[PDB]
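Listed below are the residues making up each chain.
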Amino acid sequence: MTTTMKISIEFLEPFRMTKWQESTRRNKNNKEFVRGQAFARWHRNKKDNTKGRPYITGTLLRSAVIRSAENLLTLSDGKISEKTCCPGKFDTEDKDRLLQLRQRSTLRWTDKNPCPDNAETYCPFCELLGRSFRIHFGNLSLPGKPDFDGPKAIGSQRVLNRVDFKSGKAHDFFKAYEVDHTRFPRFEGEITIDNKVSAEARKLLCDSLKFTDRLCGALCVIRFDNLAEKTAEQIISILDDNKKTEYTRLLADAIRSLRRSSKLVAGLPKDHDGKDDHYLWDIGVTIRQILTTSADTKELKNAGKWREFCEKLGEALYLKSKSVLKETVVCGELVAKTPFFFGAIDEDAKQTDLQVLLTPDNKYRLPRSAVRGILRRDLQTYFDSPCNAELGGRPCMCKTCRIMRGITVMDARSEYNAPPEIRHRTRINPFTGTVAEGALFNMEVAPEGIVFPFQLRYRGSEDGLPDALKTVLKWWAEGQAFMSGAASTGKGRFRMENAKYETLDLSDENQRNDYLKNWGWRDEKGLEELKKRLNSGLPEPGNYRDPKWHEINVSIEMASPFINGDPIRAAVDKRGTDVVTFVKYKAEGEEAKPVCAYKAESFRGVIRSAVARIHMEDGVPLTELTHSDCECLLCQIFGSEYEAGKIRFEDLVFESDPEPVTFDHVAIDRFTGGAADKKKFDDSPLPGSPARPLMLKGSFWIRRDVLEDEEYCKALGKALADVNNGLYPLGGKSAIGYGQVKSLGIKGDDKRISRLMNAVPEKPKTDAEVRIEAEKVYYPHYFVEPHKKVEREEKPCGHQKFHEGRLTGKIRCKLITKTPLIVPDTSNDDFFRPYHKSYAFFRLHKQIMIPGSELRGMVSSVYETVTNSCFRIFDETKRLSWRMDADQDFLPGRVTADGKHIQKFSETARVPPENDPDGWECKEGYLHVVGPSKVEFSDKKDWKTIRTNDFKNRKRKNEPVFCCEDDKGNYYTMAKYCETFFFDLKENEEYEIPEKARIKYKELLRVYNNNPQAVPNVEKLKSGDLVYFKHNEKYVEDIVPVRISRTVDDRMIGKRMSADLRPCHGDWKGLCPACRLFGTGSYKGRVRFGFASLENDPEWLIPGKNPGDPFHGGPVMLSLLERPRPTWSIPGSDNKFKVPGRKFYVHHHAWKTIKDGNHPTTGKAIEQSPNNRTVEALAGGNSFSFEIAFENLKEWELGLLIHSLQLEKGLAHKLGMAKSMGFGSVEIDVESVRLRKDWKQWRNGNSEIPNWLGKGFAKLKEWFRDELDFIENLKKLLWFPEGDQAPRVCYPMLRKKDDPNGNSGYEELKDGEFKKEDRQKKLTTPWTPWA
RNA sequence: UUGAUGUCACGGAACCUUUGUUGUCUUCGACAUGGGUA
Ligand SMILES: [Zn+2]
Ligand SMILES: [Zn+2]
Ligand SMILES: [Zn+2]
Ligand SMILES: [Zn+2]
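Cut-offs used in this document
- Residues numbered from 1 in each chain as written, not as in the entry; some residues may be left out.
- Chains lettered and ligands numbered in written order.
- Heavy atoms only, no water.
- Residues with missing side-chain atoms left out of burial classes, pairs and counts.
- Helix = DSSP H or I, 4+ residues; strand = E, 2+ residues; numbered from the N terminus.
- Rg over C-alpha atoms; globule rule 2.2 N^0.38 Å.
- Donors = N, O, S within 2.8 Å, 3.2 Å for Na, K, Ca; no water.
- Tetrahedral: all angles 85-135°; square planar, octahedral: opposite > 155°, others 65-115°.
- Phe/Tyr/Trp six-rings, centres within 6.5 Å; stacked < 30°, edge-to-face > 60°.
- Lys NZ or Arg CZ within 6 Å of the ring centre and 35° of its normal.
- Near = heavy atom within 4 Å.
- Polar contact = N/O pair within 3.5 Å; in protein donor to acceptor, adjacent residues only side chain to side chain.
- Nonpolar A, V, L, I, M, F, W, Y, C, P; charged D, E, K, R; others polar.
- Pairing = 2+ DSSP bridges.
- Patch = residues over 30% accessible without salt bridge, like charges linked within 9 Å, V, L, I, M, F, W, Y side chains within 5 Å.
- Areas by Shrake-Rupley, 256 points an atom, 1.4 Å probe, with all protein chains shown as cover.
- Salt bridge = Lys/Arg side-chain N within 4 Å of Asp/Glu carboxyl O.
- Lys, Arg positive; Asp, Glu negative; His and termini not counted.
- Charge placed at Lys NZ, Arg CZ, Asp CG, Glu CD.
- Contact = heavy atoms within 4.5 Å.
- Buried < 20%, exposed > 50% of the residue type's maximum accessible area, 1.4 Å probe, protein only.
- Axes fitted to C-alpha atoms, helices over the stretch in contact; angles between N-to-C directions.
- Parallel < 35°, antiparallel > 145°, perpendicular 65-115°, else oblique.
- Arc of directions from axis to C-beta.
- Domains from an automatic or database assignment.
- Disulfide = S-S within 2.5 Å.

- Header annotation of the entry names cryo-EM as the structure determination method and lists the resolution as 2.93 Å.

- Under the annotation held in the PDB entry, chain A carries the name CRISPR-associated RAMP family protein and is attributed to Desulfonema ishimotonii.

Okay, here's the thing in structure tokens:
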């Protein structure tokens, strides 16, 4: 009587439940509840908080039971047992309580007489239906009833959308909660079956329960049985108290990238100087110390919790920065061939805009909804029949919907659990060539090689398997399965492997019984013993159809270095470099292997920009167009915001195993001629040379509609031909000569796109002459004094198109060396020495060659001198300071800065009472703490009268200061002898506090502390005879600790310029021609210099130790190379002393004396020192060749560029090291000039060089009427000495007392011809002697 | 913590849109310090 037996439900897939509702909101018309009727429900224990439990209703289990009962009733020949059944009751009285209505067609098994509601006996269908409260279905709450904090703690929200077949754009979306099946695997319940309706009813209920395949949205088997907040606050407080408050976003991104492993925290790089003073990590305790104490924590010894801690701290830092049925089964494995991206938005992570989909077990998940949608899309593609199936109403009667009704799949998850890698994407402005502001967004992807299981089942009134499904599976097995997102970026191309299939008839009694007992072979052991008997074959479709996407193979050759930027890998690196190469990881099992690649987004951007440049729509460029709601060619090919593109670009990977190389660069000041402070920057590009070219191979997928379109193929061929002919560079820093395209070859187009990819004058004679005398000595540099008028009235043109009336092409050049040339390779400073720095000549891939940055600097300097323009590099962060001589104004004082209205108190006078009865009055005075800076530095080998006690007074009773031995770092700390201390009331007057004398005093202590000359303390203003002040009106001027010492200026160096000679500010004032040609920080340059290669055997100054190899020279020892001293160029504090101009060196042959170990000035000897160089040089008469690529250059601009390269017959250039010793005199010869009339033809241009020179000279005389004296000054400075003419050029010596020649030294030149009031006129005249 | 004559929700791809790019010759000459007379 009412015997009850327990039941269990085990879920094999992640099931879903709907959002919880209150009893007032438990209605019929609510859309979310009527949608979630198919899923489980949630229950709240108490309404104050979210504590509750889930449960499943009994009506859903009832519906599954009658569905299975109908299936076995229509499968067992319509009849059951030995008595006639019924079709079933179908009647509803009240329409105001219908929660759900049956909109599905009832399966018809017979047209016999239905049994009535009241008869002698009841059929099994009647008692299962309920026509006989007899059968009760219980609830499925939980096994043992564990309590839970909330719904969010047991599952996760997810959003699913609906797409359109024609456009590919989603138009609607909904969301649902999903929980993991491994967290809640098991649900118990009770059921009351029958009392007196015999055994066939319970048997029918038994195989109806056994036939129940799915429930609650998933396939199931029914059986009858810390410190993150504290660390973030500490880091925030330390960054706030210390300086460098910026770069917090980069630090947070670096910390997020650090979550991969715990061992990288001990491998952070240091500063460029080698000390542990990194700008991003050694700021302070240090940030590195904080992360080190966080690393060696017993709590954070594991991996997943360390990852979660790093994610929380990174999020905190980002928030701070703000015969009938025939069941057919198919199984296989989906393998990734590209990195994929399944979208899943989480509100808890606001740092990355797009987030990949993961399980709470940190494993990658492939949902079944995407598989079902892609199957529907491929079916609609094969049949070419869009369907208008609405969400509700009558079921749709299309062929695709009938094929889909019967398709079941199985969710998959992998074993790879490493965190994803972040990818950044940036826009580029077309009118400028730089990245536009506010275009930063990151997004991560799963790596390639992740393998998923795959299962599929079919149930339909058909003998075998549909031909459309067979064709779709053949397409997937070919390797054209595109299911995940970002397809235009080239993401998510899977290939199905190990296809197995078998059909099972569902009308034979034995096979049906095998189905019921074996439970459909849907469990794990069921799959395990089904796979062995599963057939390994695969059928072939009859009406086969070709796929809609075609693969095109691309090969690119690069005879140049290449780099793709990555700031995050630069921040978390092993070495100190500003820029590194982009590197991506691929997964195989659990390990991830890194490879250098070229980003598909970069290639897509380059190709899109090329097509937009070469195609014009009614005069308006495609770059300038908004590309919104327009039918242009670029939107039709590459897609837009409202449609998907018909072309997909894949990632490109390099061949062989290249290794990165290190190149170092520095900026050169225009005036001083030395390297500007804090301007040394490094670079780590991939190596490339014409001898060993780089092979960039890859592919891209194109649609058949574009392939059959003749005009689209023609435009693509035009763009690919323009890319092939060296016009569009790939990568970054192309101005140095990086990433030039030599050759480009495509395959797989059937010769339909690739078929479109198929006398010099002489230099003018010079006219400037220089008189050279055979007994005079000249200064080894001069200034040109450029003109005070510059042009900024020209508006630059953009890079968005090729403007008419301008020239684009290449220039081949030559270079011959007249003096020895030194181009150093600074990677290794210990070549010759087995410490003294050594250096070596530059060599890329074991080939002697010259980088393009040095040549760019030479041509930029000469072009900047010829065309009047700003100083492109100037150290405006320096203040001058000169020493005054003995000569009345600086009155002594002893006062702080508190207030006003003071008197003439305190005592100060010279002392070394017993001499006079009234004198040496000592009442006020305490222990003195003073700055020890009152002894000379005569050298020529403790403070409080211990180490020194001698005087000079011996015979003449005068001058008692004795010449002491200052060579042990002594007698500066030991000071204050004959102190001007006290004993006369004649000092200490008024003082007020300015904002100018104070910073001048701290800069005076900066000069005193950082003195690199007298080293063989205090940074505050204190008393102790340190208030020697002069005053004007009420305020005061600068103060000094010693009555005769160094004084500092108050005018900065940048105010020594002209009104318009200051560097260009931009941010629109206008641009100078040099900034207009070579570019600024917010403007791309229009020239591209290339690397210069050698032709023949290099001749060296000294042969090497091994005569077999002619590629190695011999060492030569250079002399002392010390810093420039602007204090001689600008003599004093006067307003009339300004800057002379830009510095140029002179041509001479002093290296002949330097070869045989002689100084240029003394001629005695050269000794080993820790402060010189021992390099090797290329001899005179060496040929180099290079190429300059230009775009949209004007005629006069090209003429002046040609003039700046060629010069005249008698001039030369300066290159390399030791320009003061006459090293590196080169001349540039123009060999060939090519132009670009059209994309298909490239013409001559060896002619029209005199025409361009004439237009350039016309522009020069347009700018300046007759004041072209700097041109003759340039020609005089660049004039090369002729034969039988060897002038002597050397720097003056420190003193005359050691000169065999007897020439005047610096101290004699100070009073004489190089007087203070005429030094700026005697230095601004080329070849002016001083001897 | 479902209520007994009617549940195709395995009826719905988080899909499409965006070059980490621009600018810089691994270069080179004049000093450092305070007294000492009337
Ligand atoms: Zn019946
Ligand atoms: Zn349809
Ligand atoms: Zn458009
Ligand atoms: Zn400028």
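The rest of the description comes next.
Considering the overall build of chain A
Then step 1. The helix and strand inventory of chain A stands at 28 helices and 49 strands.
Then step 2. The C-alpha atoms of chain A give a radius of gyration of 44 Å, which is well past the 34 Å a tight globule of 1331 residues would have.
Then step 3. With the C-alpha coordinates of chain A rotated into their principal frame, the extents come out at 155 × 95 × 60 Å.

A closer look at the coordination of the zinc ion (ligand 1)
Then step 1. All of the protein donors around the zinc ion (ligand 1) are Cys-86 (SG), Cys-115 (SG), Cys-123 (SG) and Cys-126 (SG); their distances to the metal are 2.3 Å.
Then step 2. Each of the four donor atoms around the zinc ion (ligand 1) contributes to a set of angles spanning 107 to 111°, which defines the coordination as tetrahedral.

Observations regarding the packing of aromatic side chains
Then step 1. Per the counting criterion, the structure on display carries 42 aromatic pairs.
Then step 2. Centroid distance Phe-340 to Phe-452: 6.0 Å. Interplanar angle 65°. Geometry classified as edge-to-face. Of this pair, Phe-340 sits in the loop between β11 (327-336) and β12 (365-366) while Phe-452 is found in strand β17 (residues 451-458), placing the two residues 112 residues apart along the sequence.
Then step 3. Taken together through their ring pairs, the aromatic side chains of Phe-562, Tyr-598, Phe-603, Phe-638, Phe-649, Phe-654 and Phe-700 make up a single cluster.
Then step 4. Above the face of the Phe-802 ring, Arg-1236 is positioned so that its terminal group lies 4.6 Å from the ring centre.

A word on the protein's contact with RNA strand B
Then step 1. Neighbouring RNA strand B are 165 residues, the closest being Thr-57, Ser-141, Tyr-779, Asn-958 and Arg-1046.
Then step 2. Taking all atoms of RNA strand B within 4 Å of the protein, the share assigned to sugar and phosphate is 61%.
Then step 3. Measuring from a phosphate oxygen of RNA strand B, one finds a side-chain N or O atom of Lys-1310 at 3.2 Å.
Then step 4. Take the surface near RNA strand B: its biggest share by element is seven residues, from helix α9 (residues 368-383).
Then step 5. A breakdown of the residues in the surface near RNA strand B according to their chemical character gives 64 nonpolar, 51 polar and 50 charged.

Concerning the sheet that holds strand β6 (residues 155-162)
Then step 1. Across the sheet, three strands lie side by side as β2-β7-β6; this open sheet has antiparallel pairing. The outermost strands of the open sheet, each flanked by one partner alone, are β2 (16-17) and β6.
Then step 2. Sheet topology note: the β6/strand β7 (residues 172-179) ladder contains eight bridges and is antiparallel. If you follow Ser-156 over to β7, its bridge partner there is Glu-178.

Section: a negative patch on the surface
Then step 1. Judged by side-chain charge, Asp-1266, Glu-1267, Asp-1269 and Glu-1272 come together as a negatively charged surface patch.
Then step 2. Counting through the fold element by element, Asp-1266 comes out in the loop between α25 (1249-1263) and α26 (1269-1277).

Some points on the side chain of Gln-455
Then step 1. By the element assignment, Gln-455 lies in strand β17.
Then step 2. Not counting chain neighbours up to four residues away, the residues in contact with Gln-455 comprise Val-329, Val-330, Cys-331, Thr-408, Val-409, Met-410 and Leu-527.

Concerning the sheet that holds β11
Then step 1. Taken in spatial order, the five strands make up an open sheet running β13-β17-β11-β19-β18, and their pairing is antiparallel. The two strands at the open ends of the sheet, each matched to only one other strand, are β13 (407-409) and β18 (481-482).
Then step 2. Relative to strand β19 (residues 493-504), β18 is paired through two bridges, and the arrangement is antiparallel. Looking at β19, one finds that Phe-482 is bridged to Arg-493.

What about helix α6 (residues 248-257)?
Then step 1. Of all 10 residues in α6, eight are buried; the element is thus mostly enclosed.
Then step 2. Those residues of α6 not exposed but buried are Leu-250, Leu-251, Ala-252, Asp-253, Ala-254, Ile-255, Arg-256 and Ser-257.
Then step 3. Those residues of α6 that are buried are in contact with α5 (228-241), α7 (287-295), α8 (304-321), β15 (421-426) and α14 (567-571).

Quick word on the coordination of the zinc ion (ligand 4)
Then step 1. Donor atoms from the polypeptide that bind the zinc ion (ligand 4) are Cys-870 (SG), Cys-1064 (SG), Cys-1072 (SG) and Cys-1075 (SG), placed at 2.3 Å.
Then step 2. One way to put it: the four donor atoms around the zinc ion (ligand 4) meet at angles of 102 to 114°, and that makes the site tetrahedral.

Here's the deal with the packing of helix α15 (residues 600-614) against helix α18 (residues 710-724)
Angle between the axes and distance between the axes are the two parameters that describe a pair of packed helices.
Then step 1. Axis separation between α15 and α18 bottoms out at 9 Å; the angle between their running directions is 110°. With respect to each other, α15 and α18 are oriented roughly perpendicular. Along the contact surface, α15 presents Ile-607, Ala-610, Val-611 and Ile-614, while α18 presents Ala-715, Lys-718, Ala-719, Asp-722 and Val-723.
Then step 2. The residue makeup of the contact of α15 with α18, split by class, is seven nonpolar, no polar and two charged.

Examining helix α13 (residues 524-533)
Every α-helix winds through 3.6 residues per turn, so residues three or four apart in the chain are directed the same way.
Then step 1. By the burial criterion, the buried members of α13 are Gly-526, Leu-527 and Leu-530. What you see down the axis of α13 is that its buried residues fit within an arc of 95°, all on one side. Relative to its buried face, α13 has exposed residues pointing more than 90 degrees away, namely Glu-524, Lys-525, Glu-528 and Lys-532.
Then step 2. In this fold, the buried residues of α13 make contact with β17.
Then step 3. By the N-cap criterion, in which a side-chain oxygen at the helix start approaches the backbone nitrogen of a residue two or three places on, α13 is capped by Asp-523, the distance to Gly-526 being 3.2 Å.

Side note on the pattern of salt bridges
Then step 1. Within the structure shown, the criterion is met by 57 salt bridges.
Then step 2. Here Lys-904 makes a salt bridge to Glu-989, at a shortest N to O gap of 3.3 Å.
Then step 3. Several salt bridges converge on common partners, so that one network encompasses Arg-16, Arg-158, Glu-178, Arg-365 and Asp-411.

Focus on unusual backbone geometry
Then step 1. Positive phi is not limited to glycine here, since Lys-940 has a value of about 60°.
Then step 2. Inspection of the secondary structure puts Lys-940 in the loop between β37 (881-883) and α20 (997-1009).
Then step 3. Despite not being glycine, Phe-983 shows a phi value in the positive range, around 75°.
Then step 4. Mapped onto the fold, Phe-983 is located in the loop between β37 and α20.

Thoughts on the domain arrangement of chain A
Interface extent is often summarised as the accessible area lost during association of the parts.
Then step 1. Here chain A is partitioned into domain 1 (4-92 + 99-223), domain 2 (228-321), domain 3 (327-546), domain 4 (553-756) and domain 5 (782-875 + 1059-1291).
Then step 2. Of note, the centres of domain 4 and domain 5, computed from C-alpha atoms alone, are 31 Å apart.
Then step 3. Taken together, the contacts link 40 residues of domain 4 with 41 residues of domain 5.
Then step 4. Counting residues per element, the ones that place at least two in the side of domain 4 that touches domain 5 are β27 (663-665) and α18.
Then step 5. In terms of residue class, the side of domain 4 that touches domain 5 is built from 19 nonpolar, 13 polar and eight charged.

Comments concerning the environment of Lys-47
Then step 1. Mapped onto the secondary structure, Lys-47 falls in the loop between β3 (41-44) and β4 (52-55).
Then step 2. On the accessibility criterion, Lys-47 (68% relative accessible area) is exposed.
Then step 3. On a C-alpha basis, the gap between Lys-47 and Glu-22 in space is 9.6 Å, while along the polypeptide they are 25 residues apart.

Describing the state of the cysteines
Then step 1. What the rule picks out here adds up to zero disulfides.
Then step 2. Here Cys-396 stays free of any disulfide, with the sulfur of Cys-398 as its closest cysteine sulfur at 3.6 Å.

Let's talk about the side chain of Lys-584
Then step 1. Its place among the elements puts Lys-584 in strand β21 (residues 583-588).
Then step 2. A polar atom in the side chain of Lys-584 sits 3.3 Å from the side chain of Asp-651.
Then step 3. Ignoring any residue separated from it by four or fewer positions in sequence, one finds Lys-584 in contact with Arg-423, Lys-593, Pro-594, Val-595, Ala-597 and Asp-651.

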